[PDB]
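Structure file my_file-v5.txt (compact mmCIF, C-alpha atoms and all ligand atoms) follows.
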```
# COMPACT_ATOMS: atom_id res chain seq x y z
CA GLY A 1 167.81 128.34 191.27
CA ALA A 2 165.67 131.45 191.90
CA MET A 3 167.63 134.54 193.20
CA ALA A 4 165.45 134.72 196.40
CA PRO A 5 163.45 131.44 196.49
CA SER A 6 159.78 132.18 197.50
CA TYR A 7 156.32 130.63 198.08
CA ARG A 8 153.26 132.25 196.49
CA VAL A 9 149.60 131.21 196.12
CA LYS A 10 147.25 131.93 193.19
CA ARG A 11 143.49 131.17 192.83
CA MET A 12 143.20 130.08 189.18
CA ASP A 13 143.49 127.08 186.84
CA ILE A 14 147.03 125.51 187.08
CA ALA A 15 146.74 124.85 183.26
CA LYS A 16 147.31 128.71 182.85
CA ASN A 17 150.45 128.78 185.14
CA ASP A 18 153.44 131.12 184.52
CA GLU A 19 156.07 128.63 185.86
CA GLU A 20 158.81 126.51 184.17
CA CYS A 21 157.03 123.20 185.02
CA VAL A 22 153.78 121.85 186.50
CA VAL A 23 152.87 119.13 189.04
CA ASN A 24 149.78 117.09 188.09
CA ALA A 25 147.61 115.69 190.92
CA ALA A 26 147.65 112.37 188.96
CA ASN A 27 145.91 108.97 189.33
CA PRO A 28 148.16 105.90 189.41
CA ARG A 29 147.00 104.67 185.94
CA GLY A 30 147.85 107.80 183.89
CA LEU A 31 144.13 108.25 183.03
CA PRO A 32 142.66 111.69 182.13
CA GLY A 33 140.72 111.65 185.47
CA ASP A 34 138.84 114.80 186.69
CA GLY A 35 139.58 118.13 188.46
CA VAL A 36 143.27 119.32 188.19
CA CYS A 37 144.11 116.01 186.33
CA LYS A 38 141.52 116.62 183.51
CA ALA A 39 142.63 120.29 183.01
CA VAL A 40 146.26 119.02 182.83
CA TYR A 41 145.18 116.31 180.30
CA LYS A 42 143.45 118.97 178.07
CA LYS A 43 146.53 121.30 178.18
CA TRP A 44 149.43 118.74 177.94
CA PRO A 45 147.87 115.44 176.60
CA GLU A 46 151.28 114.31 175.20
CA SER A 47 152.55 114.20 178.87
CA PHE A 48 150.24 111.17 179.54
CA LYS A 49 152.38 108.73 177.47
CA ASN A 50 153.56 106.08 180.03
CA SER A 51 152.71 108.42 182.97
CA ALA A 52 151.24 105.56 185.16
CA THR A 53 153.19 105.31 188.50
CA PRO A 54 152.38 103.98 192.02
CA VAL A 55 150.90 105.88 194.97
CA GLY A 56 153.54 107.99 196.81
CA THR A 57 155.70 108.51 193.64
CA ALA A 58 156.22 111.11 190.91
CA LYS A 59 156.99 110.49 187.23
CA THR A 60 157.96 113.31 184.82
CA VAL A 61 156.94 113.25 181.11
CA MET A 62 157.86 116.08 178.69
CA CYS A 63 155.20 117.90 176.61
CA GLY A 64 157.59 119.34 174.01
CA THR A 65 160.26 120.78 176.35
CA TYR A 66 157.75 121.63 179.17
CA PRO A 67 157.99 119.12 182.11
CA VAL A 68 154.76 117.62 183.61
CA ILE A 69 155.55 115.95 187.00
CA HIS A 70 152.75 113.33 187.65
CA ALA A 71 152.53 113.12 191.49
CA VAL A 72 150.21 110.36 192.89
CA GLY A 73 148.77 111.22 196.32
CA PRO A 74 146.81 108.59 198.27
CA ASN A 75 143.01 108.33 198.03
CA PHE A 76 141.99 108.65 201.74
CA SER A 77 138.78 106.64 200.92
CA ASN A 78 141.09 103.55 200.58
CA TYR A 79 144.06 104.28 202.92
CA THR A 80 143.97 104.47 206.75
CA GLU A 81 144.74 108.02 208.13
CA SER A 82 148.23 106.73 209.18
CA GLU A 83 149.22 105.02 205.88
CA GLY A 84 147.66 107.84 203.79
CA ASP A 85 149.67 110.44 205.74
CA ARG A 86 152.92 108.48 204.99
CA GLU A 87 152.12 108.18 201.20
CA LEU A 88 151.11 111.92 200.98
CA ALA A 89 154.47 112.95 202.58
CA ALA A 90 156.32 110.55 200.20
CA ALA A 91 154.65 111.91 196.99
CA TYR A 92 155.85 115.46 197.86
CA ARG A 93 159.44 114.21 198.61
CA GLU A 94 159.47 112.63 195.07
CA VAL A 95 158.23 115.99 193.59
CA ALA A 96 161.20 117.80 195.31
CA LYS A 97 163.64 115.23 193.73
CA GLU A 98 162.13 115.79 190.22
CA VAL A 99 162.09 119.62 190.53
CA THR A 100 165.79 119.45 191.58
CA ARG A 101 166.75 116.99 188.77
CA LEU A 102 165.04 119.16 186.07
CA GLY A 103 167.03 122.31 187.13
CA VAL A 104 163.90 124.54 186.83
CA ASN A 105 163.79 127.95 188.61
CA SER A 106 159.98 127.72 189.25
CA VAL A 107 157.19 125.07 189.66
CA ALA A 108 153.33 125.28 189.75
CA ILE A 109 151.95 122.81 192.38
CA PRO A 110 148.42 121.85 193.54
CA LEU A 111 147.66 120.59 197.10
CA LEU A 112 147.76 116.77 196.68
CA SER A 113 144.89 114.65 198.13
CA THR A 114 142.66 117.73 198.98
CA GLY A 115 139.93 117.13 196.32
CA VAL A 116 138.24 113.82 195.34
CA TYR A 117 141.13 111.89 197.10
CA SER A 118 140.45 113.73 200.47
CA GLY A 119 138.01 111.02 201.78
CA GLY A 120 135.57 113.96 202.47
CA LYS A 121 137.93 115.73 205.01
CA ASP A 122 139.58 119.22 205.00
CA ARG A 123 143.29 118.39 204.42
CA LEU A 124 144.57 121.96 203.54
CA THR A 125 146.95 122.10 206.57
CA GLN A 126 148.06 118.42 206.34
CA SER A 127 148.80 118.62 202.56
CA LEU A 128 150.44 122.14 202.74
CA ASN A 129 152.75 121.11 205.66
CA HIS A 130 153.97 118.05 203.66
CA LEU A 131 154.48 120.37 200.63
CA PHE A 132 156.66 122.69 202.82
CA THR A 133 158.62 119.74 204.40
CA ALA A 134 159.61 118.53 200.88
CA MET A 135 160.13 121.86 199.07
CA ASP A 136 161.87 123.95 201.81
CA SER A 137 165.36 122.57 200.84
CA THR A 138 164.79 123.35 197.10
CA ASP A 139 165.69 126.75 195.54
CA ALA A 140 162.80 126.83 192.99
CA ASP A 141 160.10 129.57 193.20
CA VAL A 142 156.99 127.56 194.29
CA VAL A 143 153.54 128.80 193.18
CA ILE A 144 150.62 126.89 194.81
CA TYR A 145 147.36 126.85 192.77
CA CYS A 146 143.87 126.58 194.43
CA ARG A 147 140.16 127.19 193.38
CA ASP A 148 138.43 128.25 196.66
CA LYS A 149 138.56 131.88 197.97
CA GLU A 150 138.78 130.80 201.69
CA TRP A 151 141.64 128.31 200.84
CA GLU A 152 143.58 131.16 199.08
CA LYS A 153 143.37 133.28 202.31
CA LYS A 154 144.47 130.32 204.55
CA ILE A 155 147.38 129.27 202.25
CA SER A 156 148.48 132.97 202.00
CA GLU A 157 148.35 133.25 205.84
CA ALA A 158 150.40 130.00 206.34
CA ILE A 159 153.10 131.28 203.89
CA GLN A 160 153.21 134.75 205.59
CA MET A 161 153.42 133.17 209.13
CA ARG A 162 156.84 131.51 208.46
CA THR A 163 158.34 134.72 206.79
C1 LIG B 1 139.61 125.41 186.96
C2 LIG B 1 138.72 126.20 186.23
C3 LIG B 1 138.42 127.49 186.63
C4 LIG B 1 139.03 127.98 187.78
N1 LIG B 1 138.94 129.19 188.41
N2 LIG B 1 139.74 129.24 189.52
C5 LIG B 1 140.33 128.06 189.60
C6 LIG B 1 139.93 127.21 188.53
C7 LIG B 1 140.21 125.91 188.11
CL CL B 2 141.15 130.57 185.83
CL CL B 3 142.75 115.12 194.96
CL CL B 4 140.92 124.77 196.48
```

How would this structure read if it were set down as structure tokens?
Amino acid sequence: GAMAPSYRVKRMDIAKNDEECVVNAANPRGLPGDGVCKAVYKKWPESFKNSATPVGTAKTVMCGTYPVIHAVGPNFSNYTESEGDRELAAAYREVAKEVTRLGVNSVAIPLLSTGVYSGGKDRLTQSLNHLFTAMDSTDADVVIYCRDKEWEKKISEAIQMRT
């Protein structure tokens, strides 16, 4: 575990992370995809061997010795708000299990279902609160990666609020 487990946020490409493992915002079919998923495919293509897994689950594949945790959030274009919320919570619980199993002291994580799976809605708060519910009982240093300058401020504020 980390000596004083923390949450941090960085605005940069998760493919350049400084953590002991990475969470991919995966599709269920283990396809290269776009956004976070395509950057992850370009950096760790070996991790996409038999990475396909259902919605609400996480599947780890090693790229050398570096773990890639493929976490499949719901596409809110297809799910109801209620069912989507349940699957988004579940995907993060499966990430917490994998992070624990791997024995890593740090993890880079994107906000699941906030991009092309968002169904055109702002899900920063919904996705971040499910991230916290899952990861609060783990002792890994968590570093959340985002792209948008206003999202960085709001994630930083949410972390600071609970400290
Ligand atoms: C992908 C490419 C460039 C980027 N700059 N900040 C976040 C990010 C993600
Ligand atoms: Cl970058
Ligand atoms: Cl997404
Ligand atoms: Cl973002």

Give me, as a Markdown table, each residue of chain A that comes within 9 Å of ligand CL 2 (chain B), together with its shortest interatomic pair and the distance in Å at one decimal, counting only C-alpha atoms and all ligand atoms, with rows ordered by chain and rising residue number.
```
| residue | atom | partner | partner_atom | distance |
| --- | --- | --- | --- | --- |
| A:11 | CA | B:CL2 | CL | 7.4 |
| A:12 | CA | B:CL2 | CL | 4.0 |
| A:13 | CA | B:CL2 | CL | 4.3 |
| A:14 | CA | B:CL2 | CL | 7.9 |
| A:15 | CA | B:CL2 | CL | 8.4 |
| A:16 | CA | B:CL2 | CL | 7.1 |
| A:147 | CA | B:CL2 | CL | 8.3 |
```

Residues proximal to (153.9, 117.6, 192.5) were defined as those with any atom within 12 Å of that point in the file's coordinates, counting only C-alpha atoms. Which are they, as an MDAnalysis selection string?
chainID A and resid 14 21:26 36:37 56:60 67:73 88:99 107:113 127:128 130:132 134:135 142:145

Suppose you want the space between CA of residue 161 (chain A) and CA of residue 149 (chain A); what is it in Å?
18.6 Å

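For the residues A:86, A:43, A:162, A:154, ranking by smallest atom-to-atom distance to ligand CL 4 (chain B) using all atoms listed in the file places A:154 first.
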
For CA of residue 100 (chain A) and CA of residue 1 (chain A), determine how far apart the two atoms are, in Å to one decimal place.
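Distance between the two atoms: 9.1 Å.
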
Which residues are near residue 116 (chain A)? Cut-off 9 Å, only C-alpha atoms, ignore same chain within fewer than 5 positions. Put them as a list in words.
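The residues satisfying every condition are residues 34, 35 and 75 of chain A.
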
Nearest to residue 114 (chain A), restricted to all atoms listed in the file and choosing among A:148, A:7, A:157, A:48, comes out as A:148

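Counting all atoms listed in the file, the residue from A:55, A:122, A:63, A:5 that sits nearest to residue 83 (chain A) is A:55.
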
Determine the axis-aligned bounding box of all atoms of ligand LIG 1 (chain B) present in the file, pad each side by 6 Å, and express its centre and edge lengths in Å to one decimal place as lines of an AutoDock Vina configuration file.
```
center_x = 139.4
center_y = 127.3
center_z = 187.9
size_x = 13.9
size_y = 15.8
size_z = 15.4
```

Would you mind listing what lies within 9 Å of residue 46 (chain A) as a VMD selection string, with all atoms listed in the file counted and same-chain residues fewer than 5 positions away left out?
chain A and resid 41 61 to 64

Hey, which of A:28, A:103, A:74, A:54 ends up closest to ligand CL 3 (chain B)? Count only C-alpha atoms and all ligand atoms.
A:74

Could you please determine the separation between CA of residue 104 (chain A) and CA of residue 136 (chain A) in Å, to one decimal place?
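A separation of 15.1 Å between them.
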
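The nearest approach to ligand CL 4 (chain B) among the residues A:141, A:20, A:85, A:152, with only C-alpha atoms and all ligand atoms taken into account, belongs to A:152.
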
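Every residue within 8 Å of the file position (166.1, 130.5, 196.0), judged by only C-alpha atoms, is given as residues 1, 2, 3, 4, 5, 6, 138, 139, 140 and 141 of chain A.
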
Of the listed residues A:29, A:8, A:42, A:123, that which approaches ligand LIG 1 (chain B) most closely, counting all atoms listed in the file:
A:42

Can you put N, CA, C and O atoms back into region 47-65 of chain A and show it as a PDB file, keeping the file's coordinate frame?
```pdb
ATOM      1  N   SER A  47     151.863 114.512 177.588  1.00  0.00           N
ATOM      2  CA  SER A  47     152.550 114.200 178.870  1.00  0.00           C
ATOM      3  C   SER A  47     151.998 112.910 179.486  1.00  0.00           C
ATOM      4  O   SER A  47     152.629 112.409 180.433  1.00  0.00           O
ATOM      5  N   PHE A  48     150.893 112.373 178.961  1.00  0.00           N
ATOM      6  CA  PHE A  48     150.240 111.170 179.540  1.00  0.00           C
ATOM      7  C   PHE A  48     150.727 109.884 178.872  1.00  0.00           C
ATOM      8  O   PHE A  48     150.333 108.825 179.346  1.00  0.00           O
ATOM      9  N   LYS A  49     151.693 109.953 177.966  1.00  0.00           N
ATOM     10  CA  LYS A  49     152.380 108.730 177.470  1.00  0.00           C
ATOM     11  C   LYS A  49     153.215 108.064 178.559  1.00  0.00           C
ATOM     12  O   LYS A  49     154.262 108.647 178.950  1.00  0.00           O
ATOM     13  N   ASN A  50     152.816 106.859 179.005  1.00  0.00           N
ATOM     14  CA  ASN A  50     153.560 106.080 180.030  1.00  0.00           C
ATOM     15  C   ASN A  50     153.742 106.942 181.291  1.00  0.00           C
ATOM     16  O   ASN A  50     154.834 106.922 181.888  1.00  0.00           O
ATOM     17  N   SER A  51     152.686 107.636 181.699  1.00  0.00           N
ATOM     18  CA  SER A  51     152.710 108.420 182.970  1.00  0.00           C
ATOM     19  C   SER A  51     152.276 107.589 184.201  1.00  0.00           C
ATOM     20  O   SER A  51     152.405 108.096 185.352  1.00  0.00           O
ATOM     21  N   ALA A  52     151.697 106.413 184.032  1.00  0.00           N
ATOM     22  CA  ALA A  52     151.240 105.560 185.160  1.00  0.00           C
ATOM     23  C   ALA A  52     152.409 105.327 186.121  1.00  0.00           C
ATOM     24  O   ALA A  52     153.551 105.110 185.630  1.00  0.00           O
ATOM     25  N   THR A  53     152.162 105.427 187.438  1.00  0.00           N
ATOM     26  CA  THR A  53     153.190 105.310 188.500  1.00  0.00           C
ATOM     27  C   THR A  53     152.476 105.024 189.821  1.00  0.00           C
ATOM     28  O   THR A  53     151.330 105.386 189.981  1.00  0.00           O
ATOM     29  N   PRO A  54     153.096 104.348 190.797  1.00  0.00           N
ATOM     30  CA  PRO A  54     152.380 103.980 192.020  1.00  0.00           C
ATOM     31  C   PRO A  54     152.085 105.145 192.942  1.00  0.00           C
ATOM     32  O   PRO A  54     152.708 106.230 192.844  1.00  0.00           O
ATOM     33  N   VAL A  55     151.243 104.868 193.937  1.00  0.00           N
ATOM     34  CA  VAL A  55     150.900 105.880 194.970  1.00  0.00           C
ATOM     35  C   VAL A  55     152.197 106.258 195.686  1.00  0.00           C
ATOM     36  O   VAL A  55     153.028 105.346 195.964  1.00  0.00           O
ATOM     37  N   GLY A  56     152.352 107.544 196.047  1.00  0.00           N
ATOM     38  CA  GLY A  56     153.540 107.990 196.810  1.00  0.00           C
ATOM     39  C   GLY A  56     154.762 108.294 195.947  1.00  0.00           C
ATOM     40  O   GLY A  56     155.879 108.444 196.534  1.00  0.00           O
ATOM     41  N   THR A  57     154.619 108.266 194.618  1.00  0.00           N
ATOM     42  CA  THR A  57     155.700 108.510 193.640  1.00  0.00           C
ATOM     43  C   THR A  57     155.359 109.647 192.697  1.00  0.00           C
ATOM     44  O   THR A  57     154.199 110.085 192.651  1.00  0.00           O
ATOM     45  N   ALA A  58     156.374 110.101 191.959  1.00  0.00           N
ATOM     46  CA  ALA A  58     156.220 111.110 190.910  1.00  0.00           C
ATOM     47  C   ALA A  58     157.000 110.636 189.688  1.00  0.00           C
ATOM     48  O   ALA A  58     158.120 110.041 189.844  1.00  0.00           O
ATOM     49  N   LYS A  59     156.404 110.852 188.532  1.00  0.00           N
ATOM     50  CA  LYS A  59     156.990 110.490 187.230  1.00  0.00           C
ATOM     51  C   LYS A  59     156.842 111.678 186.304  1.00  0.00           C
ATOM     52  O   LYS A  59     155.709 112.126 186.108  1.00  0.00           O
ATOM     53  N   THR A  60     157.962 112.149 185.731  1.00  0.00           N
ATOM     54  CA  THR A  60     157.960 113.310 184.820  1.00  0.00           C
ATOM     55  C   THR A  60     157.864 112.796 183.382  1.00  0.00           C
ATOM     56  O   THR A  60     158.651 111.884 183.024  1.00  0.00           O
ATOM     57  N   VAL A  61     157.028 113.422 182.586  1.00  0.00           N
ATOM     58  CA  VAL A  61     156.940 113.250 181.110  1.00  0.00           C
ATOM     59  C   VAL A  61     156.920 114.626 180.474  1.00  0.00           C
ATOM     60  O   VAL A  61     156.188 115.500 180.915  1.00  0.00           O
ATOM     61  N   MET A  62     157.715 114.798 179.418  1.00  0.00           N
ATOM     62  CA  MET A  62     157.860 116.080 178.690  1.00  0.00           C
ATOM     63  C   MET A  62     156.683 116.259 177.736  1.00  0.00           C
ATOM     64  O   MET A  62     156.316 115.285 177.056  1.00  0.00           O
ATOM     65  N   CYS A  63     156.124 117.467 177.690  1.00  0.00           N
ATOM     66  CA  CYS A  63     155.200 117.900 176.610  1.00  0.00           C
ATOM     67  C   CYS A  63     155.982 118.924 175.796  1.00  0.00           C
ATOM     68  O   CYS A  63     156.173 120.048 176.271  1.00  0.00           O
ATOM     69  N   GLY A  64     156.568 118.514 174.666  1.00  0.00           N
ATOM     70  CA  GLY A  64     157.590 119.340 174.010  1.00  0.00           C
ATOM     71  C   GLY A  64     158.841 119.429 174.849  1.00  0.00           C
ATOM     72  O   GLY A  64     159.444 118.375 175.160  1.00  0.00           O
ATOM     73  N   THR A  65     159.197 120.607 175.343  1.00  0.00           N
ATOM     74  CA  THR A  65     160.260 120.780 176.350  1.00  0.00           C
ATOM     75  C   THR A  65     159.689 121.129 177.723  1.00  0.00           C
ATOM     76  O   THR A  65     160.496 121.374 178.607  1.00  0.00           O
TER      77      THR A  65
END
```
